[PDB]
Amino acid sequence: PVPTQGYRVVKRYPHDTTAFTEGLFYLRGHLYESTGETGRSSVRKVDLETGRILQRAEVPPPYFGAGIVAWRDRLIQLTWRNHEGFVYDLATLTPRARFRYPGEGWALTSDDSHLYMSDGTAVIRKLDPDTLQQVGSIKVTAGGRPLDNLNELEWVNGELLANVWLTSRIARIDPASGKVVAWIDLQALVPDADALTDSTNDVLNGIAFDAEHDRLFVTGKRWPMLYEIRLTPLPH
């Protein structure tokens, strides 16, 4: 069976409890965070240490923003059920382009050549960053069972991390095979794993990796904190 990998909390940082997190990434010392509601949706540039909003953009109405990723000088964002995505200039957070895709947009991340998109199914789409056209896919499995409902992604050291909200776990995925190589069980950080929870409640929904300093951050909808966590090496 798939092993469970340990972790430790390095540091807790403040997080704004108005942030209904829909995606997160880190770039050049700041966090960028999507916040989801069809009735007010935003992309925020956030100071890590203080949790304060430095800059924000409103998602084009009537859409609800979903996952986000940086690519070069751009910020690319999905929408939940609008079929529509947006590209912003990163520096000014002003919208510059739009694109359309089949299905629901849940989460995005990127490696050095491609974007990776979750749509709630077990098949992650690999996209060309400039055209947004689909050029490949990864079928994700854990011990052979399809794994769907992946509400956040983050690329970390050649692997894809994906949150599985209904089990409170992050899957570390080998992108070459699509196989889950380990679970990380973050139930300890979820504000209340004990109650009846839907995907709109205080679920983990932001995973961001600072590759320059090898820092992994996690937060979620209305969480009071953002955590830097260090994964414990697995044996074998």
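One rule holds for the numbers: they count along the sequence shown, beginning at 1.
Between the stretches 137-145 and 105-113, it is 137-145 that shows the larger average CA temperature factor. When 152-160 is weighed against 82-90, 82-90 comes out higher, by mean CA B-factor as recorded in the entry.
The residue among 192, 33, 185, 47 whose C-alpha atom has the highest B-factor in the PDB entry is 192. The deposited CA B-factor of residue 127 belongs to the middle third of values across its chain. When the modelled residues of the chain are ordered by their C-alpha B factor, residue 65 lands in the middle third. Residue 229 sits in the lowest third of its chain by CA B factor, as recorded in the PDB entry. When all modelled residues of the chain are sorted by CA temperature factor, residue 176 is found within the highest third. When the CA B factors of the chain's modelled residues are split into thirds, the value for residue 42 lands in the middle one.
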